[PDB]
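Trainee: Protein chains in written order, with my numbering: chain A, 645 to 856; chain B, 6 to 233; chain C, -10 to 198.
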Amino acid sequence: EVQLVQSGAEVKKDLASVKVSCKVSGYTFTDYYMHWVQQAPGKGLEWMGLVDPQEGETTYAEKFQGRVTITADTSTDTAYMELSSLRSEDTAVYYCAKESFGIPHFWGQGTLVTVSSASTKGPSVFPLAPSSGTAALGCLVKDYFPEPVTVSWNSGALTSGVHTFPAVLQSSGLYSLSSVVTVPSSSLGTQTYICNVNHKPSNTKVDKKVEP
Amino acid sequence: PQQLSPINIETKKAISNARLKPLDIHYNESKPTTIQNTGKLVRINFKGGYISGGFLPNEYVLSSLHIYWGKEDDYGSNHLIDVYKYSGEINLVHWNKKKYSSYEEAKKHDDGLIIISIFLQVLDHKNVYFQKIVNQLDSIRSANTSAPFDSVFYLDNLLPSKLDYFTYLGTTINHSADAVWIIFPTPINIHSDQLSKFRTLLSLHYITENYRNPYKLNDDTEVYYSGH
Amino acid sequence: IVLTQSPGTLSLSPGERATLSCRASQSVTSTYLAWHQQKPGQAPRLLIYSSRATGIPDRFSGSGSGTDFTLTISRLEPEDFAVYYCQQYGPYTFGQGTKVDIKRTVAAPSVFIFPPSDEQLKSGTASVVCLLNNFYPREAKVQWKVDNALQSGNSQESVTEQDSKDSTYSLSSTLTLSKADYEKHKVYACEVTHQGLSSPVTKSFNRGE
Ligand code: NA
Ligand code: NA
Ligand code: NA
Ligand code: NA
Ligand code: NA
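#1: Tell me which residues share the same chain as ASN22 of chain B and place their Cβ nearer than 6 Å to its Cβ, disregarding the 5 neighbours each side in the sequence.
#2: What does the Cβ neighbour count give for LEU659 of chain A, buried or exposed, with the cut at 16 atoms within 10 Å?
#3: At the level of alpha carbons, what is the spacing between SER799 of chain A and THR702 of chain A?
#4: Name, in chain order, the residues that DSSP records as bridge partners for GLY175 of chain B.
#5: Can you tell which of A:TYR671, A:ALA762 and A:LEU689 has the C-alpha that lies nearest to the C-alpha of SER732 of chain A?
#6: Taking 8 Å as the threshold (C-beta atoms), are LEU22 of chain C and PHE49 of chain C in contact?
#7: Less than 7 Å between the CB of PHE750 of chain A and some heavy atom of ligand 1, yes or no?
#8: Between the segment 734 to 747 of chain A and the segment 667 to 682 of chain A, do three or more beta carbon pairs fall short of 8 Å?
#9: Whose C-beta lies closer than 6 Å to the C-beta of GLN140 of chain C among residues of the same chain, with five residues either side of it excluded?
#10: With respect to 7 Å, is the separation between the Cβ of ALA32 of chain C and the closest non-hydrogen atom of ligand 1 below this value?
#11: Where does the unbroken beta strand (DSSP E) through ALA7 of chain C begin, and where does it stop?
#12: Thinking C-beta only, is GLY51 of chain C closer than 8 Å to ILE62 of chain C?
#13: Give me the DSSP bridge partner(s) of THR703 of chain A.
#14: Which one of A:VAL681, A:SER661 and A:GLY766 has the shortest CA to CA distance from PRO845 of chain A?
#15: Would the beta-carbon of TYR170 of chain B fall within 8 Å of that of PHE158 of chain B?
#16: Okay, do the segment 101 to 115 of chain C and the segment 766 to 783 of chain A touch, 3+ Cβ pairs below 8 Å being the bar?
#17: Rounded to whole angstroms, how far is the Cβ of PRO192 of chain B from the Cβ of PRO219 of chain B, which I believe are closer than 8 Å?
#18: Rounded to the nearest angstrom, what separates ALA178 of chain C and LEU694 of chain A at their Cα positions?
#19: Taking 8 Å as the CB-CB limit, is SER14 of chain C close to chain B?
#20: For a contact defined as C-beta to C-beta under 8 Å, what are the partners of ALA152 of chain B on chain A?
#21: What does the Cβ neighbour count give for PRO98 of chain C, buried or exposed, with the cut at 16 atoms within 10 Å?
#22: Spell out a yes or no on whether the segment 662 to 676 of chain A and the segment 707 to 725 of chain A are touching, meaning 3 or more CB-CB pairs, one atom from each, closer than 8 Å.
#23: Could you check if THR836 of chain A is buried or exposed, using at least 16 other CB atoms within 10 Å of its CB as the buried criterion?
#24: Go ahead and label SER69 of chain B buried or exposed: buried means 16 or more other beta carbons lie within 10 angstroms of its beta carbon, across all protein chains shown.
#25: Evaluate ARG6 of chain C with the Cβ neighbour count: other Cβ atoms within 10 Å of its Cβ, from every protein chain shown; 16 or more gives buried, anything less gives exposed.
#26: Of all the beta strand (DSSP E) runs that stay within the bounds of the segment 97 to 171 of chain C, which reach a length of 3 or more residues?
#27: What separation, rounded to the nearest whole angstrom, lies between the Cα atoms of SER188 of chain C and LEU160 of chain C?
#28: According to DSSP, simplified to helix, strand and coil, what is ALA111 of chain B?
#29: Within a Cβ cutoff of 8 Å, which residues of the same chain sit near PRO790 of chain A, ignoring the five residues on either side of it in sequence?
#30: Hey, is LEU46 of chain B's beta-carbon within less than 8 Å of any beta-carbon in chain C?
#31: By the criterion of Cβ-Cβ separation under 7 Å, what are the contact partners of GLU108 of chain C in chain A?
#32: Going by beta-carbon coordinates alone, are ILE72 of chain B and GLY54 of chain B separated by less than 8 Å?
#33: To the nearest angstrom, report how far apart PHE51 of chain B and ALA152 of chain B are at their CA atoms.
#34: Measuring only the C-alpha atoms, how far is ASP69 of chain C from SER208 of chain B?
#35: Taking any Cβ of chain B, which residues in the segment -7 to 27 of chain C have a Cβ under 8 Å from it, in chain order?
#36: Just the Cα atoms here: how many angstroms apart are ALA653 of chain A and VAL(-9) of chain C?
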């Protein structure tokens, strides 16, 4: 019945303005309110504002006031959300959402707006070899922007006992994750272990043999 | 210049024009969709319905309805007739669809909006038709809250018994847009218990009153009156 | 204005009952509070507004008034394990969130230190990783020591989501230094405290060994 189709994820430099969209279908746009919500990565939900699409009358949260503009296009059944002066901390997922009983009833899928001065750089994969009955080994994926990056072991053959961690943003602005696997120590010298790193935004496919 | 709304209607100063034909109201096909508490007032959204004839260039389609009231039953309408005020006011909003691409656009032009004003007068008589709206108010007690109008309701039944009218070029009540007013001075009658449910609605505090206080009729502004 | 949910995180098994609660600073006028479910990497979902949303099953039920409200899930399930939020309307402030994880027996971290690679050292920087694997609960602590000088502010960390097959959390810890700074010390180590561990564990290596 009701579908909310939001615009695709964006990457923006500092001091820029992004305009996220929401495409609405399966109900009368103007008969209900329309909400917008923030969700920074890891942290929880925070209400940004709302709009009456019938008259285009808005009220924003005072926290977001001035640096946000919600709009509603009754012709194209499209709500919009415009962030004014973008900053590092504005990196978040932005949900449009249809109101139904005073509150956001049906949510959209969000739009991952990401804010950085950092240019598109490919990673540098380095090994995490042990020395030393089970043993750990891995690959450190480093110095890359933006997200995401996929990692697999032995061309997707070794899935069991694996842990690919979430990334951390370094002070340089570039992300840096690590992938690891726990293996029997008896099969250390015999069995080969290769990590398959894939970072699509720079076309950087890298395979790395992991040996002591 | 702009003529702010609402105003007082000096019946004695109203000018009678022969170019007014009889007003023609077709709400027979108009079914309500959702009812809304906007934080400031009750709004009832309509699909279908239009008005024509009279001084109108063409058909104007029915968009929605607003409801206004006061702190006390005796004084709560927007517009006034010779400084007399009714208990409340229904504002039926229409726009020029023949011409414009949208309501949103219609607001931008002085031929875009036509708002019919129906007066609410509290007597000792439960209005069976108006009750249908009253029955909804629990669903929209919270602010900025929409809900499906959950009953059968013909908007035609809220029309006055006498459809003689005043008309003037004013604005919307919130001053957002120019608008032409059609004001029926004959009110429909309701009970005090019906109007009291509205005052329990929450605001953006409760919405105990929501009418706008009147403005000076501008020197160039004329108010026309049709003898039905 | 301000809502605070209890607990910080609520641990339980399938089949039994979950009692989530949200408490507020000021009176929630006319008792207008709502409860939203959010599974990871996903859109939130309106459960209740003590009013059932259509689509939401008979398991769930909300209640309360004033400044004390409670979401109750009788007869849990595996899909029900998510992050939960309470919202106050009728403004629109959200609760800080309650994470519903899975109740597993008290496990302990298999700790492993990893030195930097020579290929990285070429560049001019060096990364010292410390892995802690498959433990419960999530609350773990890691302390880096360089010549037994206790380190802070040069560490960064990650944590995996609760692993779906064995109900445990793993943890990376990336210590970072320049090659000049790195090549002026000997004994690099990671001290790992955890509740499951009856006493603190250390793991370590000596540079170039
Ligand atoms: Na949904
Ligand atoms: Na060797
Ligand atoms: Na014009
Ligand atoms: Na004003
Ligand atoms: Na004004």
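Note that CB positions come from ideal geometry on N, CA and C, so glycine has one too.
Mentor: On the basis of the supplied data:
#1: Taking the second sequence and counting its residues from 1, the one referred to as residue 22 of chain B is at position 17. Correct list, in chain order: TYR229.
#2: Walking along the first sequence from the start, residue 659 of chain A turns up at place 15. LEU659 of chain A is exposed by the Cβ-count criterion.
#3: The sequence position of residue 799 of chain A within the first sequence is 155, counting from 1. The sequence position of residue 702 of chain A within the first sequence is 58, counting from 1. In a straight line, the C-alpha of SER799 of chain A is about 52 Å away from that of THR702 of chain A.
#4: As a working mapping, residue 175 of chain B is identified with position 170 in the second sequence. Per DSSP, the beta bridge partners of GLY175 of chain B are B:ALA184.
#5: For this step, residue 732 of chain A is matched to residue 88 along the first sequence. Checking every option, the nearest Cα to that of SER732 of chain A belongs to A:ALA762.
#6: Within the third sequence, the letter at position 60 stands for residue 49 of chain C. Within the third sequence, the letter at position 33 stands for residue 22 of chain C. No, Cβ-Cβ distance for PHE49 of chain C and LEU22 of chain C is not below 8 Å.
#7: Residue mapping note: residue 750 of chain A aligns to position 106 of the first sequence, counting from 1. The answer is yes for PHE750 of chain A.
#8: yes
#9: Translated into the one-based positions of the third sequence, residue 140 of chain C becomes position 151. Hits under 6 Å: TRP133.
#10: Stepping through the third sequence from its first residue, residue 32 of chain C is reached at position 43. True, at least one ligand heavy atom lies under 7 Å from that Cβ.
#11: Stepping through the third sequence from its first residue, residue 7 of chain C is reached at position 18. That run of the beta strand (DSSP E) goes 7 to 13.
#12: In the third sequence, counting from the first residue as 1, residue 62 of chain C sits at position 73. In the third sequence, counting from the first residue as 1, residue 51 of chain C sits at position 62. For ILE62 of chain C and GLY51 of chain C, no; Cβs fall outside 8 Å.
#13: Numbered from 1 along the first sequence, position 59 holds the residue referred to as residue 703 of chain A. Answer is A:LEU694.
#14: Position 201 of the first sequence holds residue 845 of chain A. Measuring from the Cα of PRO845 of chain A, the nearest candidate turns out to be A:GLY766.
#15: Within the second sequence, residue 170 of chain B is the residue found at index 165, counting from 1. Within the second sequence, residue 158 of chain B is the residue found at index 153, counting from 1. For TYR170 of chain B and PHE158 of chain B, no; Cβs fall outside 8 Å.
#16: yes
#17: Counting from one through the second sequence, the residue named residue 192 of chain B turns up at place 187. Counting from one through the second sequence, the residue named residue 219 of chain B turns up at place 214. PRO219 of chain B and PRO192 of chain B do not touch by the CB rule: their CB atoms are close to 17 Å apart, not below 8 Å.
#18: As a first step, residue 178 of chain C is located in the third sequence; it is residue number 189 there, counting from the start. As a first step, residue 694 of chain A is located in the first sequence; it is residue number 50 there, counting from the start. Each residue's alpha carbon lies about 52 Å from the other.
#19: Working through the third sequence from its first residue, we reach residue 14 of chain C at position 25. Output row for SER14 of chain C: interface = no.
#20: Translated into positions along the second sequence, residue 152 of chain B becomes position 147. Correct list: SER744 and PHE745.
#21: Position 109 of the third sequence, counted from the start, is the residue given in the question as residue 98 of chain C. It counts as buried.
#22: Contact holds: three or more Cβ-Cβ distances are below 8 Å.
#23: Counted from its first residue, the first sequence places residue 836 of chain A at position 192. In this structure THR836 of chain A is exposed. Its beta-carbon is surrounded by fewer than 16 other beta-carbon atoms within 10 angstroms.
#24: Taking the second sequence and counting its residues from 1, the one referred to as residue 69 of chain B is at position 64. Its Cβ being crowded by 16 or more others within 10 Å, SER69 of chain B is buried.
#25: Taking the third sequence and counting its residues from 1, one reaches residue 6 of chain C at position 17. Under this definition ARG6 of chain C is an exposed residue.
#26: 99 to 103, 114 to 124, 129 to 135, 144 to 148 and 158 to 167
#27: Numbered from its first residue, the third sequence carries residue 188 of chain C at position 199. Numbered from its first residue, the third sequence carries residue 160 of chain C at position 171. If I take the Cα positions, the gap works out to 19 Å.
#28: Working through the second sequence from its first residue, we reach residue 111 of chain B at position 106. Helix, per DSSP.
#29: Taking the first residue of the first sequence as 1, we reach residue 790 of chain A at position 146. Cβ neighbours of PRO790 of chain A beyond the five flanking positions: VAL655, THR758, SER760, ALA762, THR764, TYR819 and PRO845.
#30: In the second sequence, counting from the first residue as 1, residue 46 of chain B sits at position 41. With 8 Å as the cut-off, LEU46 of chain B does not count as an interface residue toward chain C.
#31: Counting from one through the third sequence, the residue named residue 108 of chain C turns up at place 119. Within chain A, the C-beta atoms nearer than 7 Å to that of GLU108 of chain C come from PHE770, in chain order.
#32: Against the second sequence, residue 72 of chain B aligns to sequence position 67. Against the second sequence, residue 54 of chain B aligns to sequence position 49. It is not a contact, given that the beta carbons lie outside the stated cut-off.
#33: What you label residue 51 of chain B is simply residue 46 of the second sequence in a count that begins at 1. What you label residue 152 of chain B is simply residue 147 of the second sequence in a count that begins at 1. Going by the C-alpha atoms only, they are around 13 Å apart.
#34: Start at 1 with the first residue of the third sequence, and residue 69 of chain C comes out as number 80. Start at 1 with the first residue of the second sequence, and residue 208 of chain B comes out as number 203. Roughly 35 Å separates the two Cα atoms.
#35: Listed in sequence order: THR18, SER19 and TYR21.
#36: By one-based count along the first sequence, residue 653 of chain A stands at place 9. By one-based count along the third sequence, residue -9 of chain C stands at place 2. Cα-Cα distance, rounded: 31 Å.
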